[PDB]
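Colleague: Contents of start-v9.tsv (TSV, N, CA and C atoms):
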chain	number	residue	atom	x	y	z
I	1	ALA	N	-11.39	3.16	-4.02
I	1	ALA	CA	-12.28	3.14	-2.87
I	1	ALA	C	-11.82	2.11	-1.86
I	2	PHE	N	-12.45	2.10	-0.69
I	2	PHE	CA	-12.11	1.17	0.38
I	2	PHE	C	-12.97	-0.07	0.21
I	3	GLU	N	-12.34	-1.18	-0.17
I	3	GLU	CA	-13.01	-2.47	-0.28
I	3	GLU	C	-12.20	-3.49	0.50
I	4	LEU	N	-12.67	-3.82	1.68
I	4	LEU	CA	-12.00	-4.85	2.46
I	4	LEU	C	-12.93	-5.96	2.89
I	5	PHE	N	-14.18	-5.65	3.23
I	5	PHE	CA	-15.08	-6.69	3.71
I	5	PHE	C	-15.73	-7.45	2.58
I	6	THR	N	-15.96	-6.81	1.44
I	6	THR	CA	-16.46	-7.56	0.29
I	6	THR	C	-15.47	-8.62	-0.18
I	7	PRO	N	-14.19	-8.31	-0.45
I	7	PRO	CA	-13.26	-9.38	-0.84
I	7	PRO	C	-13.09	-10.44	0.23
I	8	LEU	N	-13.04	-10.05	1.50
I	8	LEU	CA	-12.85	-11.02	2.56
I	8	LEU	C	-14.03	-11.96	2.66
I	9	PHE	N	-15.25	-11.42	2.61
I	9	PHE	CA	-16.43	-12.26	2.68
I	9	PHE	C	-16.52	-13.18	1.48
I	10	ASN	N	-16.18	-12.68	0.29
I	10	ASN	CA	-16.20	-13.54	-0.89
I	10	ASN	C	-15.18	-14.66	-0.77
I	11	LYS	N	-13.99	-14.35	-0.26
I	11	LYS	CA	-12.96	-15.38	-0.07
I	11	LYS	C	-13.43	-16.45	0.90
I	12	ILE	N	-13.98	-16.03	2.04
I	12	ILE	CA	-14.43	-16.99	3.03
I	12	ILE	C	-15.57	-17.83	2.49
I	13	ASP	N	-16.48	-17.18	1.74
I	13	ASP	CA	-17.63	-17.90	1.14
I	13	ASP	C	-17.09	-18.97	0.18
I	14	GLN	N	-16.08	-18.62	-0.62
I	14	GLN	CA	-15.49	-19.60	-1.57
I	14	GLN	C	-14.89	-20.77	-0.79
I	15	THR	N	-14.18	-20.48	0.30
I	15	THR	CA	-13.53	-21.56	1.10
I	15	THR	C	-14.62	-22.46	1.69
I	16	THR	N	-15.68	-21.87	2.24
I	16	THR	CA	-16.79	-22.66	2.84
I	16	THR	C	-17.49	-23.48	1.74
I	17	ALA	N	-17.66	-22.89	0.55
I	17	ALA	CA	-18.36	-23.60	-0.55
I	17	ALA	C	-17.51	-24.79	-1.00
I	18	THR	N	-16.24	-24.56	-1.34
I	18	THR	CA	-15.41	-25.65	-1.85
I	18	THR	C	-15.18	-26.74	-0.81
I	19	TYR	N	-15.12	-26.39	0.48
I	19	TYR	CA	-14.63	-27.35	1.45
I	19	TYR	C	-15.64	-27.82	2.49
I	20	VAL	N	-16.82	-27.21	2.58
I	20	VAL	CA	-17.82	-27.65	3.53
I	20	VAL	C	-19.17	-27.92	2.87
I	21	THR	N	-19.47	-27.27	1.76
I	21	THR	CA	-20.75	-27.43	1.10
I	21	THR	C	-20.67	-28.38	-0.09
I	22	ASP	N	-19.66	-28.21	-0.94
I	22	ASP	CA	-19.53	-29.07	-2.10
I	22	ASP	C	-19.23	-30.51	-1.69
I	23	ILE	N	-18.36	-30.67	-0.70
I	23	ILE	CA	-17.95	-32.05	-0.27
I	23	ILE	C	-19.20	-32.76	0.25
I	24	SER	N	-20.01	-32.06	1.04
I	24	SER	CA	-21.27	-32.66	1.56
I	24	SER	C	-22.21	-32.99	0.40
I	25	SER	N	-22.32	-32.09	-0.58
I	25	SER	CA	-23.19	-32.34	-1.77
I	25	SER	C	-22.66	-33.54	-2.55
I	26	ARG	N	-21.33	-33.64	-2.70
I	26	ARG	CA	-20.71	-34.74	-3.47
I	26	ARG	C	-21.01	-36.08	-2.78
I	27	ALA	N	-20.92	-36.10	-1.44
I	27	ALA	CA	-21.14	-37.36	-0.69
I	27	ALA	C	-22.61	-37.76	-0.78
I	28	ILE	N	-23.53	-36.81	-0.56
I	28	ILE	CA	-24.98	-37.14	-0.54
I	28	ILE	C	-25.40	-37.61	-1.94
I	29	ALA	N	-24.95	-36.91	-2.98
I	29	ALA	CA	-25.36	-37.26	-4.36
I	29	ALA	C	-24.87	-38.67	-4.70
I	30	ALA	N	-23.64	-39.01	-4.29
I	30	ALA	CA	-23.08	-40.35	-4.58
I	30	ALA	C	-23.90	-41.44	-3.88
I	31	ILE	N	-24.35	-41.19	-2.64
I	31	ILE	CA	-25.05	-42.26	-1.87
I	31	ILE	C	-26.56	-42.26	-2.13
I	32	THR	N	-27.13	-41.17	-2.64
I	32	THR	CA	-28.59	-41.12	-2.79
I	32	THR	C	-29.16	-42.26	-3.62
I	33	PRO	N	-28.66	-42.57	-4.83
I	33	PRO	CA	-29.25	-43.68	-5.59
I	33	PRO	C	-29.08	-45.03	-4.92
I	34	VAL	N	-27.85	-45.33	-4.49
I	34	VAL	CA	-27.57	-46.64	-3.91
I	34	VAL	C	-28.35	-46.82	-2.61
I	35	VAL	N	-28.36	-45.80	-1.75
I	35	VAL	CA	-29.08	-45.92	-0.49
I	35	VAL	C	-30.58	-46.00	-0.76
I	36	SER	N	-31.06	-45.29	-1.77
I	36	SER	CA	-32.48	-45.36	-2.10
I	36	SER	C	-32.88	-46.78	-2.47
I	37	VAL	N	-32.16	-47.38	-3.42
I	37	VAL	CA	-32.50	-48.72	-3.86
I	37	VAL	C	-32.34	-49.72	-2.72
I	38	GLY	N	-31.27	-49.57	-1.93
I	38	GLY	CA	-31.06	-50.49	-0.83
I	38	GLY	C	-32.15	-50.41	0.21
I	39	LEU	N	-32.61	-49.19	0.53
I	39	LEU	CA	-33.69	-49.03	1.49
I	39	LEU	C	-34.99	-49.63	0.96
I	40	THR	N	-35.28	-49.44	-0.33
I	40	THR	CA	-36.49	-50.02	-0.90
I	40	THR	C	-36.45	-51.55	-0.86
I	41	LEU	N	-35.32	-52.13	-1.28
I	41	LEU	CA	-35.18	-53.58	-1.26
I	41	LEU	C	-35.23	-54.12	0.16
I	42	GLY	N	-34.63	-53.40	1.11
I	42	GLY	CA	-34.73	-53.81	2.50
I	42	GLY	C	-36.15	-53.77	3.01
I	43	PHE	N	-36.91	-52.74	2.62
I	43	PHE	CA	-38.32	-52.69	2.99
I	43	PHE	C	-39.05	-53.93	2.50
I	44	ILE	N	-38.89	-54.26	1.22
I	44	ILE	CA	-39.59	-55.42	0.66
I	44	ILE	C	-39.18	-56.70	1.39
I	45	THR	N	-37.87	-56.91	1.53
I	45	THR	CA	-37.38	-58.14	2.13
I	45	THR	C	-37.84	-58.27	3.58
I	46	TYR	N	-37.74	-57.19	4.35
I	46	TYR	CA	-38.14	-57.25	5.75
I	46	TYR	C	-39.63	-57.50	5.87
I	47	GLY	N	-40.44	-56.89	5.00
I	47	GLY	CA	-41.87	-57.16	5.04
I	47	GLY	C	-42.18	-58.63	4.83
I	48	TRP	N	-41.58	-59.23	3.80
I	48	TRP	CA	-41.82	-60.65	3.56
I	48	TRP	C	-41.33	-61.50	4.73
A	1	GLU	N	50.72	56.23	-7.01
A	1	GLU	CA	50.22	55.07	-7.74
A	1	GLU	C	50.16	53.84	-6.85
A	2	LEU	N	51.14	53.67	-5.97
A	2	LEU	CA	51.09	52.52	-5.07
A	2	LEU	C	49.94	52.63	-4.09
A	3	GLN	N	49.64	53.83	-3.61
A	3	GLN	CA	48.50	54.01	-2.73
A	3	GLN	C	47.21	53.64	-3.44
A	4	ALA	N	47.05	54.07	-4.69
A	4	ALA	CA	45.83	53.73	-5.41
A	4	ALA	C	45.76	52.24	-5.72
A	5	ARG	N	46.91	51.61	-5.97
A	5	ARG	CA	46.93	50.16	-6.15
A	5	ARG	C	46.49	49.43	-4.89
A	6	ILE	N	46.99	49.86	-3.73
A	6	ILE	CA	46.59	49.23	-2.48
A	6	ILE	C	45.11	49.47	-2.21
A	7	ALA	N	44.60	50.65	-2.59
A	7	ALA	CA	43.18	50.91	-2.44
A	7	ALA	C	42.35	49.96	-3.31
A	8	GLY	N	42.79	49.73	-4.54
A	8	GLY	CA	42.11	48.75	-5.38
A	8	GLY	C	42.17	47.36	-4.78
A	9	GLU	N	43.29	47.03	-4.15
A	9	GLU	CA	43.42	45.73	-3.51
A	9	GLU	C	42.42	45.58	-2.37
A	10	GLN	N	42.26	46.64	-1.58
A	10	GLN	CA	41.24	46.66	-0.54
A	10	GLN	C	39.85	46.49	-1.12
A	11	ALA	N	39.59	47.14	-2.25
A	11	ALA	CA	38.29	46.98	-2.90
A	11	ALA	C	38.06	45.53	-3.31
A	12	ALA	N	39.10	44.86	-3.79
A	12	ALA	CA	38.97	43.45	-4.14
A	12	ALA	C	38.65	42.60	-2.92
A	13	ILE	N	39.30	42.87	-1.79
A	13	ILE	CA	38.99	42.10	-0.59
A	13	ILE	C	37.57	42.38	-0.11
A	14	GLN	N	37.12	43.63	-0.24
A	14	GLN	CA	35.72	43.96	0.03
A	14	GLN	C	34.78	43.12	-0.83
A	15	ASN	N	35.11	42.99	-2.11
A	15	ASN	CA	34.28	42.21	-3.01
A	15	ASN	C	34.23	40.76	-2.57
A	16	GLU	N	35.36	40.21	-2.14
A	16	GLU	CA	35.36	38.84	-1.64
A	16	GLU	C	34.51	38.71	-0.38
A	17	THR	N	34.53	39.72	0.48
A	17	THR	CA	33.68	39.68	1.67
A	17	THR	C	32.21	39.62	1.28
A	18	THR	N	31.80	40.45	0.32
A	18	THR	CA	30.42	40.42	-0.15
A	18	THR	C	30.08	39.06	-0.75
A	19	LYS	N	31.01	38.49	-1.52
A	19	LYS	CA	30.78	37.18	-2.12
A	19	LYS	C	30.59	36.11	-1.06
A	20	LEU	N	31.38	36.17	0.01
A	20	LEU	CA	31.23	35.19	1.09
A	20	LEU	C	29.88	35.34	1.78
A	21	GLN	N	29.43	36.58	1.99
A	21	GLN	CA	28.10	36.78	2.56
A	21	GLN	C	27.04	36.16	1.67
A	22	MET	N	27.17	36.35	0.36
A	22	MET	CA	26.21	35.81	-0.59
A	22	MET	C	26.22	34.29	-0.56
A	23	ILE	N	27.42	33.71	-0.43
A	23	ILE	CA	27.55	32.23	-0.36
A	23	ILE	C	26.84	31.73	0.91
A	24	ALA	N	27.02	32.42	2.04
A	24	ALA	CA	26.36	32.00	3.27
A	24	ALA	C	24.84	32.04	3.13
A	25	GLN	N	24.33	33.11	2.52
A	25	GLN	CA	22.89	33.19	2.29
A	25	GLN	C	22.41	32.05	1.40
A	26	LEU	N	23.17	31.74	0.35
A	26	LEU	CA	22.79	30.64	-0.52
A	26	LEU	C	22.80	29.31	0.22
A	27	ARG	N	23.77	29.12	1.11
A	27	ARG	CA	23.82	27.90	1.92
A	27	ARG	C	22.56	27.75	2.75
A	28	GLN	N	22.16	28.83	3.41
A	28	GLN	CA	20.95	28.81	4.21
A	28	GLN	C	19.73	28.50	3.35
A	29	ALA	N	19.65	29.13	2.18
A	29	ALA	CA	18.52	28.88	1.28
A	29	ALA	C	18.48	27.43	0.83
A	30	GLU	N	19.65	26.84	0.56
A	30	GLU	CA	19.69	25.45	0.14
A	30	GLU	C	19.20	24.53	1.25
A	31	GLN	N	19.60	24.80	2.49
A	31	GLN	CA	19.11	23.97	3.59
A	31	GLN	C	17.60	24.10	3.73
A	32	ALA	N	17.08	25.32	3.59
A	32	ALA	CA	15.64	25.51	3.65
A	32	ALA	C	14.93	24.74	2.54
A	33	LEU	N	15.50	24.75	1.34
A	33	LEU	CA	14.88	24.04	0.23
A	33	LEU	C	14.89	22.54	0.46
A	34	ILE	N	15.97	22.00	1.02
A	34	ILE	CA	16.00	20.57	1.32
A	34	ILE	C	14.93	20.23	2.34
A	35	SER	N	14.76	21.08	3.36
A	35	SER	CA	13.69	20.84	4.33
A	35	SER	C	12.32	20.88	3.66
A	36	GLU	N	12.13	21.81	2.73
A	36	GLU	CA	10.86	21.90	2.02
A	36	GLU	C	10.58	20.64	1.22
A	37	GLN	N	11.61	20.10	0.56
A	37	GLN	CA	11.44	18.86	-0.18
A	37	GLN	C	11.10	17.70	0.75
A	38	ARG	N	11.76	17.64	1.91
A	38	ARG	CA	11.43	16.61	2.88
A	38	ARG	C	9.96	16.69	3.26
A	39	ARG	N	9.48	17.90	3.52
A	39	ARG	CA	8.10	18.04	3.97
A	39	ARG	C	7.12	17.76	2.85
A	40	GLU	N	7.50	18.06	1.61
A	40	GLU	CA	6.66	17.69	0.48
A	40	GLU	C	6.52	16.18	0.38
A	41	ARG	N	7.63	15.45	0.54
A	41	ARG	CA	7.55	13.99	0.53
A	41	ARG	C	6.68	13.48	1.67
A	42	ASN	N	6.86	14.04	2.86
A	42	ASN	CA	6.06	13.62	4.01
A	42	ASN	C	4.58	13.86	3.76
A	43	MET	N	4.26	15.03	3.20
A	43	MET	CA	2.84	15.36	2.91
A	43	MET	C	2.29	14.38	1.88
A	44	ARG	N	3.10	14.02	0.87
A	44	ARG	CA	2.64	13.12	-0.17
A	44	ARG	C	2.35	11.73	0.38
A	45	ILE	N	3.15	11.26	1.34
A	45	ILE	CA	2.89	9.95	1.92
A	45	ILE	C	1.62	9.97	2.76
A	46	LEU	N	1.42	11.02	3.56
A	46	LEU	CA	0.34	11.07	4.52
A	46	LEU	C	-0.89	11.82	4.01
A	47	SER	N	-0.94	12.15	2.73
A	47	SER	CA	-2.04	12.94	2.21
A	47	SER	C	-3.37	12.22	2.40
A	48	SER	N	-4.38	12.98	2.80
A	48	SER	CA	-5.72	12.43	2.96
A	48	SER	C	-6.44	12.23	1.64
A	49	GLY	N	-5.89	12.73	0.54
A	49	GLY	CA	-6.47	12.47	-0.75
A	49	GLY	C	-6.17	11.11	-1.32
A	50	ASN	N	-5.29	10.36	-0.68
A	50	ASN	CA	-5.00	9.01	-1.12
A	50	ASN	C	-6.22	8.12	-0.93
A	51	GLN	N	-6.41	7.18	-1.85
A	51	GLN	CA	-7.60	6.35	-1.85
A	51	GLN	C	-7.30	4.86	-1.84
A	52	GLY	N	-6.04	4.47	-1.85
A	52	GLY	CA	-5.71	3.07	-1.96
A	52	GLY	C	-5.56	2.37	-0.63
A	53	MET	N	-5.62	1.05	-0.68
A	53	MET	CA	-5.35	0.20	0.47
A	53	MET	C	-5.13	-1.22	-0.03
A	54	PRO	N	-4.52	-2.08	0.78
A	54	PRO	CA	-4.31	-3.46	0.34
A	54	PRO	C	-5.63	-4.18	0.11
A	55	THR	N	-5.61	-5.14	-0.80
A	55	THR	CA	-6.79	-5.91	-1.17
A	55	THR	C	-6.66	-7.33	-0.64
A	56	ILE	N	-7.76	-7.85	-0.10
A	56	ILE	CA	-7.80	-9.24	0.35
A	56	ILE	C	-8.16	-10.12	-0.83
A	57	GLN	N	-7.30	-11.08	-1.13
A	57	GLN	CA	-7.53	-11.98	-2.26
A	57	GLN	C	-7.02	-13.38	-1.95
In structure tokens, how does this file's structure come out?
Modeller:
Amino acid sequence: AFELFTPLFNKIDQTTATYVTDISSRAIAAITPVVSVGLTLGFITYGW
Amino acid sequence: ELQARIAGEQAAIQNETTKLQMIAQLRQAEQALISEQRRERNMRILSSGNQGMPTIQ
């Protein structure tokens, strides 16, 4: 059968996932705990 | 006897003439068959029953 747009769309989706979505997820997940604790401690310190 | 021998010789040349005609017909038939094979190959390449195409991967 004729299958051209399904493979192409899947390929592009894989490229966007590996290189635009995963990298953003990796960066946010790495900074979420540290930024969370830092923001909380900054709140306390600035209030005092 | 020599006259009948020469008559037989003429008959032999007649036979060669017929053989040459037959060879010419066979030559024409062979050319037609080669053309038919060419067109069979052409039809096989361009047949609308083909279902394949390159895949994106």
Colleague: For the contact check between chain I and chain A, emit one row per residue of chain I within 6.5 Å, containing the shortest atom pair and the distance in Å rounded to one decimal, counting all atoms listed in the file, chain then rising number order, as a Markdown table.
Modeller:
| residue | atom | partner | partner_atom | distance |
| --- | --- | --- | --- | --- |
| I:1 | N | A:51 | C | 4.9 |
| I:2 | N | A:51 | C | 6.0 |
| I:3 | C | A:55 | CA | 6.2 |
| I:4 | CA | A:56 | N | 5.8 |
| I:7 | C | A:56 | C | 5.1 |
| I:8 | N | A:56 | C | 5.4 |
Colleague: Calculate how many Å separate atom C of residue 46 (chain I) from atom C of residue 34 (chain I), rounding to one decimal.
Modeller: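 Between atom C of residue 46 (chain I) and atom C of residue 34 (chain I) the gap is 17.7 Å.
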Colleague: Have a look at CA of residue 15 (chain I) and CA of residue 31 (chain I) and let me know their distance in Å, one decimal.
Modeller: 23.9 Å
Colleague: Between CA of residue 30 (chain I) and atom N of residue 16 (chain I), measure the distance and give it in Å to one decimal.
Modeller: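 Interatomic distance here is 21.0 Å.
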Colleague: Can you write region 8-20 of chain I from the block above with N, CA, C and O atoms, as a PDB file, in the first residue's frame?
Modeller:
ATOM      1  N   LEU I   8       6.592   9.583   7.629  1.00  0.00           N
ATOM      2  CA  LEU I   8       7.200  10.904   7.724  1.00  0.00           C
ATOM      3  C   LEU I   8       6.778  11.612   8.999  1.00  0.00           C
ATOM      4  O   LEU I   8       7.613  12.207   9.693  1.00  0.00           O
ATOM      5  N   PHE I   9       5.488  11.558   9.324  1.00  0.00           N
ATOM      6  CA  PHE I   9       5.012  12.195  10.543  1.00  0.00           C
ATOM      7  C   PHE I   9       5.611  11.535  11.770  1.00  0.00           C
ATOM      8  O   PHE I   9       5.989  12.221  12.721  1.00  0.00           O
ATOM      9  N   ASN I  10       5.716  10.204  11.769  1.00  0.00           N
ATOM     10  CA  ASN I  10       6.330   9.532  12.908  1.00  0.00           C
ATOM     11  C   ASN I  10       7.795   9.918  13.055  1.00  0.00           C
ATOM     12  O   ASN I  10       8.276  10.124  14.173  1.00  0.00           O
ATOM     13  N   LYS I  11       8.519  10.019  11.941  1.00  0.00           N
ATOM     14  CA  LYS I  11       9.919  10.424  11.998  1.00  0.00           C
ATOM     15  C   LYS I  11      10.060  11.826  12.570  1.00  0.00           C
ATOM     16  O   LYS I  11      10.889  12.072  13.455  1.00  0.00           O
ATOM     17  N   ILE I  12       9.251  12.763  12.074  1.00  0.00           N
ATOM     18  CA  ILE I  12       9.343  14.138  12.550  1.00  0.00           C
ATOM     19  C   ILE I  12       8.966  14.216  14.020  1.00  0.00           C
ATOM     20  O   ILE I  12       9.591  14.947  14.798  1.00  0.00           O
ATOM     21  N   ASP I  13       7.940  13.451  14.406  1.00  0.00           N
ATOM     22  CA  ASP I  13       7.499  13.433  15.828  1.00  0.00           C
ATOM     23  C   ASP I  13       8.654  12.933  16.700  1.00  0.00           C
ATOM     24  O   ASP I  13       8.875  13.522  17.770  1.00  0.00           O
ATOM     25  N   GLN I  14       9.358  11.891  16.248  1.00  0.00           N
ATOM     26  CA  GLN I  14      10.501  11.346  17.026  1.00  0.00           C
ATOM     27  C   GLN I  14      11.581  12.424  17.154  1.00  0.00           C
ATOM     28  O   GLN I  14      12.108  12.596  18.264  1.00  0.00           O
ATOM     29  N   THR I  15      11.872  13.136  16.061  1.00  0.00           N
ATOM     30  CA  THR I  15      12.932  14.179  16.089  1.00  0.00           C
ATOM     31  C   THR I  15      12.521  15.289  17.061  1.00  0.00           C
ATOM     32  O   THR I  15      13.371  15.708  17.869  1.00  0.00           O
ATOM     33  N   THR I  16      11.257  15.722  17.002  1.00  0.00           N
ATOM     34  CA  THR I  16      10.764  16.796  17.906  1.00  0.00           C
ATOM     35  C   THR I  16      10.789  16.297  19.358  1.00  0.00           C
ATOM     36  O   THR I  16      11.126  17.097  20.247  1.00  0.00           O
ATOM     37  N   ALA I  17      10.439  15.028  19.582  1.00  0.00           N
ATOM     38  CA  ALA I  17      10.407  14.476  20.956  1.00  0.00           C
ATOM     39  C   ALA I  17      11.830  14.424  21.516  1.00  0.00           C
ATOM     40  O   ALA I  17      12.047  14.984  22.603  1.00  0.00           O
ATOM     41  N   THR I  18      12.759  13.794  20.793  1.00  0.00           N
ATOM     42  CA  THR I  18      14.115  13.643  21.308  1.00  0.00           C
ATOM     43  C   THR I  18      14.820  14.983  21.473  1.00  0.00           C
ATOM     44  O   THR I  18      15.640  15.139  22.383  1.00  0.00           O
ATOM     45  N   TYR I  19      14.529  15.964  20.618  1.00  0.00           N
ATOM     46  CA  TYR I  19      15.379  17.145  20.575  1.00  0.00           C
ATOM     47  C   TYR I  19      14.726  18.450  21.008  1.00  0.00           C
ATOM     48  O   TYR I  19      15.439  19.446  21.148  1.00  0.00           O
ATOM     49  N   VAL I  20      13.412  18.496  21.203  1.00  0.00           N
ATOM     50  CA  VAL I  20      12.754  19.712  21.640  1.00  0.00           C
ATOM     51  C   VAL I  20      11.901  19.490  22.881  1.00  0.00           C
ATOM     52  O   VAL I  20      11.729  20.422  23.675  1.00  0.00           O
TER      53      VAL I  20
END
